[PDB]
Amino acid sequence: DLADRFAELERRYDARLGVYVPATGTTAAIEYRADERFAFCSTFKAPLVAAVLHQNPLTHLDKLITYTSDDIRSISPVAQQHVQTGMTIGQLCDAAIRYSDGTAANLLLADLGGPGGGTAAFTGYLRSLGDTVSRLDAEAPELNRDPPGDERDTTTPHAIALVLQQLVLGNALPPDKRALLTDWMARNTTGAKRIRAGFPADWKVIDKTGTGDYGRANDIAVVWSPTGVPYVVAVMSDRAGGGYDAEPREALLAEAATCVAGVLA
């Protein structure tokens, strides 16, 4: 029983775990706390890049964005390095997805524009995909810091999986922009120990991770079986019981993913 296994993992890691895999032709939806809110953390950067792609001609990726010392306020492995030269929108999308770059994401929110530094337009984009649940209220670093239970900067495993399904597998984006998003997620450097670790090597995994305070660790993926059957996998967790400084536990997501992969194989 999957629910028993998921509950066991919660006890093991003193965590709250959320899992959603949307139904397919022959598989029923997999759901565990799937309609409970969890912080986005960096997982928002996948639909964010899609919003930026959608909003602009493809050649907007070649526009150089300049930024300064006071723009670096969060983990920004790429943007810290190019602060002196600037970065193109294309480079920013790359950094945001593949390195979970916080400054890159903040700059992409600014590019999207409008109230709240782009957070309202981001949320508006999710609404256009029929997501009436998720909300983004702050940028990095604030978005990772909301108290457990607080609805600011949250999604649910159910909501984000349906968003990702439309972006990667559905028609939310034209094929050319869809490929850009897909490729970036395919080349992600941060997800080796999460959903990827739970699926056999002959399954293709593309993903976007999130990590935050109160032991928050998320991963949203699209996976393909060895015969090219796709599934969307959203795993979210927090550890409120350790307080603000609770260590995120990647191993929990790898184990949850292993359990999911066992059902889907």
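Note that residue numbering follows the sequence shown and begins at 1.
- The deposited model assigns a higher average Cα B-factor to 234 to 242 than to the other stretch when 42 to 50 and 234 to 242 are compared.
- The deposited model assigns a higher average Cα B-factor to 199 to 207 than to the other stretch when 199 to 207 and 213 to 221 are compared.
- Across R145, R135, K177, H82, the entry's maximum B-factor at the CA atom is seen for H82.
- In this PDB entry, the Cα temperature factor of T88 sits in the middle third of its chain's modelled residues.
- Sort the modelled residues of the chain by CA B factor and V168 lands in the middle third.
- Ranked by Cα temperature factor within the chain, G149 sits in the middle third according to the deposited record.
- Annotation for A34: CA B-factor lies in the lowest third of the chain's modelled residues.
- When the CA B factors of the chain's modelled residues are split into thirds, the value for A257 lands in the middle one.
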